[PDB]
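Notes for the one structure printed next.
Numbering (the UniProt record's numbering), first residue to last: 146 to 208.
Here it is as structure tokens:
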């Protein structure tokens, strides 16, 4: 699978990052993870805070 924001690694990791255009067009790397599900859940948090409420995440339901 390819979560929208999780970049699986060739070593068995997953970087959870979200795009932040409100920050002068900068990047927001939440942090690497052990699986795409862990980096995906973390992306949801940074995708709900940056988008306030109602946003598009990998898991649109279980926060």
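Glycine included, each C-beta is placed from N, C-alpha and C at the ideal position.
Whether residue i touches residue j by CB criterion (8 Å)
i: residue 183; j: residue 204; result: no
i: residue 193; j: residue 202; result: yes
i: residue 173; j: residue 163; result: yes
i: residue 175; j: residue 167; result: no
Top-ranked residue by Cα proximity to residue i, from the options
i: residue 148; options: 185, 207 and 169; result: 185
i: residue 197; options: 161, 165 and 151; result: 165
i: residue 161; options: 200, 177, 190 and 195; result: 177
Residue i, enclosing beta strand (DSSP E) - first and last residue
i: residue 175; result: 171-178
Identified DSSP bridge partners for residue i
i: residue 164; result: 172
i: residue 152; result: 160
Nearest-angstrom beta carbon gap, residue j and residue i [assumed within contact, 8 Å]
i: residue 181; j: residue 146; result: 6 Å
Residue span of the alpha helix (DSSP H) that contains residue i, given as start and end
i: residue 204; result: Unbroken run through residue 204: none, as it is neither H nor E.
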